[PDB]
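Participant: Mind having a look at this structure? Questions to follow.
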Amino acid sequence: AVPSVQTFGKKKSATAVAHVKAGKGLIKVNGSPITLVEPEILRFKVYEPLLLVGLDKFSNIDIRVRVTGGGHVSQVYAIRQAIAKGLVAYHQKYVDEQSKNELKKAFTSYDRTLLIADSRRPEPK
Amino acid sequence: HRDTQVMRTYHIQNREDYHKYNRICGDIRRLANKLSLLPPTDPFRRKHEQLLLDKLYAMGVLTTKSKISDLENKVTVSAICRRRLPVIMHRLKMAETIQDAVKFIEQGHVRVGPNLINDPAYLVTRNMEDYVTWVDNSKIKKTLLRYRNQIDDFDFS
Amino acid sequence: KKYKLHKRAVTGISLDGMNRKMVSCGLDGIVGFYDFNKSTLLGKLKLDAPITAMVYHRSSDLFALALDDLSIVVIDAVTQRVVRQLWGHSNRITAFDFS
Amino acid sequence: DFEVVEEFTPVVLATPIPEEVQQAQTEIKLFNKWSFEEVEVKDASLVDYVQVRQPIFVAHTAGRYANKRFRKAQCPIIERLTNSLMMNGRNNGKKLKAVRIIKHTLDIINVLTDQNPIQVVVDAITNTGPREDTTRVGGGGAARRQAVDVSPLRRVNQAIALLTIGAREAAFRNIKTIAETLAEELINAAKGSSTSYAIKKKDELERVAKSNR
Amino acid sequence: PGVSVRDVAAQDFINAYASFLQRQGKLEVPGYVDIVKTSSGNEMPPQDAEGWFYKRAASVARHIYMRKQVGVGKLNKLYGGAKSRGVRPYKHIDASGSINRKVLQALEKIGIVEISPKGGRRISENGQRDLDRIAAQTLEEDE
Amino acid sequence: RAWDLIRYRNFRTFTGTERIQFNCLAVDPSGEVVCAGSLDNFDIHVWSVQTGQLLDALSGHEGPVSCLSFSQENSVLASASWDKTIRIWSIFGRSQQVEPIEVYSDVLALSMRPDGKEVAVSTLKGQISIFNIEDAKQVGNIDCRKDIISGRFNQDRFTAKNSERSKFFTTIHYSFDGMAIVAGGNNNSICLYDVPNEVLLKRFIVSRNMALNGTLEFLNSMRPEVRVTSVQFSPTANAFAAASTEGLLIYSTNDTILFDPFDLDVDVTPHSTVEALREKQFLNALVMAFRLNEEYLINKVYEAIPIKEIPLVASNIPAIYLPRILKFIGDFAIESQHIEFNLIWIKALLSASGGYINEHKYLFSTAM
Amino acid sequence: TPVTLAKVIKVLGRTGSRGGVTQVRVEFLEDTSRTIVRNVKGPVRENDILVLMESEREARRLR
Amino acid sequence: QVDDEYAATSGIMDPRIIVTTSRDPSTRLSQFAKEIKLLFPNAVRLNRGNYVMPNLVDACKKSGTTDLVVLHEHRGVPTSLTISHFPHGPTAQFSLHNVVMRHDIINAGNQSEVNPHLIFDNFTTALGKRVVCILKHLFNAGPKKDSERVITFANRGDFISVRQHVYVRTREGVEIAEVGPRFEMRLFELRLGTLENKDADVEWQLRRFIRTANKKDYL
RNA sequence: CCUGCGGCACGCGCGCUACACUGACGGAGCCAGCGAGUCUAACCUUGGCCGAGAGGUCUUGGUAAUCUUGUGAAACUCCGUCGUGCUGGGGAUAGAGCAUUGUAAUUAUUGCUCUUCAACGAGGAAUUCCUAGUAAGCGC
């Protein structure tokens, strides 16, 4: 068949459904390349999972990401979350394990919000 | 044939399972009886069955801990045979039927906290009844999350 | 990764127990000490003779070399200097091993 | 002497990542222009409170800095300068306007004084933060100004406050916007020229504290 | 090695194609085109009365392209903005219907769109060609 | 119930309100507060040591509290939850603020470093993570699902490779150096992870019994399970005791049949150190014997040099060897007849650098 | 006008000081011997370095 | 006899209650939530904005509080008020008509804040005893015999009228003076769930549109 | 100005608006959540067509996770015009015309279109609300 891995990414009320499959090296968001994300200042907020680990590791894979919900900013925190999760859950499945712990230690030292959803649940004092 | 008749309703491995409970469920009443033969204003006796109804309610064989009459009348094997694990997986609507829950336990899809459980006939405490889930990365917890279109393979669900 | 320090034949590699430091020995006499977490060359040691083989001992970070002047040279892997030199053979040392 | 070959093929991608971005993977640069290396806090007692060790791309770390008492220190000060730019009811909750100002402001400091913008901003906060601040005493109904010293966290907090307020007030009715007048502040606060807002207003706070001590 | 309009950024495309339909010269901009305000809660007529109707057709073509079919009531809502009611709250108002209906009848004469079944308007195989063509021309602007 | 060791008696038996089970426990280093945790309640009860009342019911977890620990340096207690979130409590002095850190899988293992600045966790995915406290972020995590040996039981129906019985760790304890973690669970194996280099050092099989169940990876072609319950590293630090099914194990290094040299030159041989005693260079022959790190050369030169040059030698001894020399005196003087000679050394080491040892309190823990 | 830095050792508790002002034994950085009991204004902890325009005054209570 | 929801706690555990405000409150009523925060003991005031009623309920059962006090207003005059017992307990939406905020009057000082005695007058109906046992448990148990402030809940004419008083006892008579708010108050619906639930069983509901609506009392 | 309370020209309370360049205006970029919706009838309404607009009209989907609706909301973002002038900031007061709801619009129901272009240059003494996705901005 086709080796794929599906991971999610979630900020305020925005989901991000990133299918990652072995391919040629195209990275789409909503049927559009990742060089055309809307807010235009926060475009480097989604180049973080591309440029932190190194752009070589996207040479064989596809990143189809589709997002709904949220606003202009809180979608950009969802596509940077589901690309980081979609990359680091393909190396534990279909590529080598020692790749994954190199990635999971790379995204961690930069920003842990790439991986686990920082849930700002309330607190009563 | 009461022993067979409740082995079917709850699905039991050995037909001897019933009388393996009904020896305990009789042993409750024999301790209930001799604790009824002590005089009523005895601080042993007043302490001692309330000590026991704490345990038989935590395990969940009896519905309430107030009525003292339940301890001889409502303590039945079919009461203790529905805190079985496959009945609880049918009560919590995990599996569709009660045979099918035995099919999922024996194949190894269900767990209590850390460790998965493999004997079908695991008694589950009412306190521990909170913690039964599908075992993680299973093919039966993966299918559930596909129905709501909410898988997340970073969990490798 | 592809490391390039030697120019003659490399005749023994090892990595330490901690996966931090890496040694290599050439027939040009260079015993190069690598870092492996970073890719930096930690240092570089040159003995006299060409070096046929290396046996590292990962428990204590000592490694021994077999030279062509018929002597076993044992070099500490941390302090980067010859600790023991063993004379007494009279022809080529085939193989050896630590205890 | 010695070489490490870590990259083996020419890394080319199917999605074209531009020439200025692929070059940016060696060092992390602020706004892809400004290096955090060779940036030294030239005043001791202010290191561990001006945080320029961890480099950043844009000044938008959305992490939690309000929870602990001194968690506010590890904010990388370029962001900590943008956060104090959105202080007005016409301006609260608009950060992308403020970040677009600083990226336009840090360009101006280069064009005028070649050095670095980010070396100037660090050198601005070292100068304007006061060294002795005066407090009110009770004194039984007759209050006199009693002079004390000041904690180095307050030295940073009030320094950042005086620069952005000094920029927001000087660009009140002028053709010069917030972006340029703040660069008129930080350059002057770097020299301490006594022609900026904060170097003046520090020089009362260290003047008054000398008068009664 | 092949291009679709989706390979060209939104604005630079409607920018070069709106200046392609002006040099082309056959559009049929209707009779008014200097006096209308274009929308519901609009204030002023377009700031460029020269090249706006061609800016808007060049938008309308890139939009029906990417879609199956879209009608007139749909172009209004896309092109309607918020209307300032003054001292009353702002709300959404659809744009002017005659304008967007007269971009649709007028893009059927150059053949960039056609009547669809199911309703609406749909891009025509010829207009699918022209749009892909200038999606390359714009793509190649790099000398 | 608290117990005395001078008198062998309860002080007070602390109880809850509605009679809850208590799994685990955490004691204030300044022995004022005893905290405990349940499976029934998931509320952290807090008792004072003097008044047997419960001071407060610290709550906010979904799912039960697995473990509870207090860092001695900062006096902060960090809760363990099955909700996959680690919450650090701060309970002293008008603050009452709880900081929560999210975790990927149910955390059943909590370890507090001596420093008081790091927290070591053992989740259910196998992986052991190491968090900071003053920040919510993590330093790193170390991966423990592969290097765990798991038994196939007799009554099993699955391979030992893909059962999820034992691939996590139901205990963790930092060494008092703060550089190593020993972990142990319901598996057959104990581990020794290095904390900075993030790699395990050596893996210990607890037992090889066919009588116990969880031993064999592969059976030939109910019985009690073999698992380690709780593991701690001793203050003396020679060995870490792991509490097994077979009984409490003790591992150690009191053999020292091992050549672990330090800074050898070619000039340094065992005979050379003996020559120094003839030469009367006590300072050298001790350092020349510390370079081999062998105990019989050290006892040759430790017992040789006289009283009149003990403090001259103590001043001469370098700061780097001060932690090492103190540890050697600690293990030797317990079973050795020389009280008077050993105490003059510990007078001299303390007398020579009282301030240095006090300044590096973290550096010397096992030696003290 | 030379300025002498100082490192904070120990914040002082239970001293009756005017609110906002806290009281701190500092240690001189350039010579680790001395100490001077000065007052701070902002929020201060241990192990942070403080700036003194004058060394020899030693601040008392502020009522 | 106490109510079945309040039966397990009744005298044993003190209540802890939360006074919170509707959504973007006017500065008059944001004062007025503080008089409710002062009229009870064990009351904290958490300003509400961009909370939902689920995640303010659900993050309160978690932290463990007895009940929840939410207010509403019209143009600064507060109008409505609900008390909702949390562990699946009842709720009581009150309409309150005649209010006099404490910050209007004078800078006479500040309240006593000590445990109050209570006064419940003219509660005869069984539904009237529900309103007794749902209001009474908002105060900390067992007040002292000589505490000095007493909070009256008076029910003349179906409008529960609550005033706050201090008292001292002279050589012959008690002499009192008023501090704190004047209310009229009227409950109009009583769910068995919390105020989250919105489909719980309705124990009582003020019927307005009935031929005998004005006739009966507690109807 | 809106509103409540007093008073009977005014006193008081809750509020809305803007004084502008962190703006306005013109293009352009284009992202929410909670929600409601038609039977014995006229509901939410795409789409087409007509109208500068407001609206009109011919049709359609939906008793609804199904059709309206991805409610393409607004602040916000970019490019441009204006250039510190009660200015292009502000839109009160008012003239004239065109629409909508309604048996009925005069004392203007409301909407649209052109003209009219006021006070207000940050607000005395007073005083309100508020500790994290909150305050404030912003639309539904």
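By the numbers in Swiss-Prot, the shown part of chain A spans 3-127.
Looking at the header, which is where the method is noted, we find electron microscopy, 4.9 Å.
Cβ coordinates come from backbone N, Cα and C, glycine included.
Checked Swiss-Prot, it gives:
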CROSSLNK  A:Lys30  ubiquitin cross-link
CROSSLNK  A:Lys47  ubiquitin cross-link
CROSSLNK  A:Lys59  ubiquitin cross-link
MOD_RES   A:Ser34  phosphoserine
MOD_RES   A:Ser61  phosphoserine
MOD_RES   A:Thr70  phosphothreonine
MOD_RES   A:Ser76  phosphoserine
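Situate these features within the shown structure.
Facilitator: Contacts of A:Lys30 (ubiquitin cross-link) defined by a Cβ separation under 8 A and a same-chain sequence distance of 6+ are given as A:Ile36, A:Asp64, A:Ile65, A:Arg66, A:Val67, in order along the sequence.
In the three-state DSSP scheme, A:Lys47 (ubiquitin cross-link) falls into the helix class. Close to A:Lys47 (ubiquitin cross-link) in the fold, though at least 6 residues off in sequence, lie A:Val78, A:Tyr79, A:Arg82, each with a CB less than 8 Å from its CB.
Counting only residues at least six positions away in the same chain, the Cβ atoms of A:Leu89, A:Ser101, A:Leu105 sit under 8 Å from the Cβ of A:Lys59 (ubiquitin cross-link).
Mapped onto three states, the DSSP output places A:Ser34 (phosphoserine) in coil.
If you take the C-beta of A:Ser61 (phosphoserine) and look for same-chain residues 6 or more apart in sequence within under 8 angstroms, you find A:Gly27.
A:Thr70 (phosphothreonine) falls within a strand segment according to DSSP. Neighbours of A:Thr70 (phosphothreonine), defined as other CB atoms within 10 A of its CB across all chains, total 12.
Counted within 10 Å of its Cβ, the other Cβ atoms near A:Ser76 (phosphoserine) come to 15, all protein chains included. DSSP gives A:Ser76 (phosphoserine) a helix state.
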Participant: Provide, as an integer number of angstrom, the distance between the C-alpha atoms of A:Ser34 (phosphoserine) and A:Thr70 (phosphothreonine).
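Facilitator: That comes out at 14 Å between the alpha carbons.
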Participant: Return only the integer: C-alpha distance in Å from A:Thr70 (phosphothreonine) to A:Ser76 (phosphoserine).
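Facilitator: About 10 Å separates the two Cα atoms.
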Participant: So for A:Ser34 (phosphoserine), how many other CB atoms are inside 10 Å of its CB?
Facilitator: 14
